[PDB]
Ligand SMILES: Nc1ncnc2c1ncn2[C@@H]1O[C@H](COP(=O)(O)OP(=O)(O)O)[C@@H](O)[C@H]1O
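Here you get one chain, nothing else, as C-alpha cells; it is the form solved without the named molecule.
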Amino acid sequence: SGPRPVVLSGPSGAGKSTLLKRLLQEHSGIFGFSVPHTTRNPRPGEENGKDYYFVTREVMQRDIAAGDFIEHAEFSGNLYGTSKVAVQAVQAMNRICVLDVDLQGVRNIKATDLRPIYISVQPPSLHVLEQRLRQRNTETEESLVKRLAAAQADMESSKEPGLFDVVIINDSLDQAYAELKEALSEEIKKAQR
C-alpha cells in the first residue's frame, strides 16, 4: 500500500527536533505530515485538506468511536485531533508520515491498524541531558527542573519491552542520525523508487 509511517518520541531537547530537520533535508519529497480533523468553522486563509479536515461533530464522534483517531481534544465546543486515515492518505502518496507524540500517543497508534516504526530517541544520560539543556538558556531554573523530571519519566517509559521497536542513544548526532537512517531504510528506498 505504501511506506510505513514513523513514530518519534523522547525528550524535547534530546535531539529529535534536530534529527527530524536533518532528515527532512537530504531526503526531499520523502516525508510528509498528516492533516488533522476539526468540527470548527474554517478560519480566513484556511483550506480543506491542507490545514484541517472539516467535518461535523456527528461524523467525528462516530469515527472516534470507530477508533480512527490517535489524538483528540475539545477546546470550545468543537473537536480536534489527528485521524488514522489522514496518516494513511500521506502513506498513499509514497511519503513517510511523521508522528511525534507523547508516551500516550504511542499507545493509541498501537490500537489502530497502522503499522509504523516506533522510534524513541533518548539522551545517553540525564547528566548530559542536563548539560545540553544548561548550555543554552530557555528555562528559568524551575521549568528546567520540571523538564528533567518530565524527561526521566519518558526515559524509563521507553524501556517498556515491545513499545518502541528501535531506541536510539544520542551519543553523537552523526551516530544517532546513522542509526535513524538505517532504522528507516526500506521505507525510504520504497519511497525513493
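Start at 1 and count along the sequence shown; that's the residue number.
Not on display, but discussed next: the form solved in complex with the named molecule.
Site check by superimposition: the named molecule, modelled from its position in the bound PDB entry, clashes with the backbone and C-beta atoms of this form, with 3 or more atoms inside 2.4 Å, and the site reads as blocked.
Within 4.5 Å of some heavy atom of the named molecule in the bound PDB entry lies at least one heavy atom of residue 14. Taking the partner from elsewhere, residue 172 is found to have a heavy atom lying within 4.5 Å of the named molecule in the bound PDB entry.
Interface membership of residue 132, defined by any non-hydrogen atom within 4.5 Å of the named molecule in the bound PDB entry, is confirmed.
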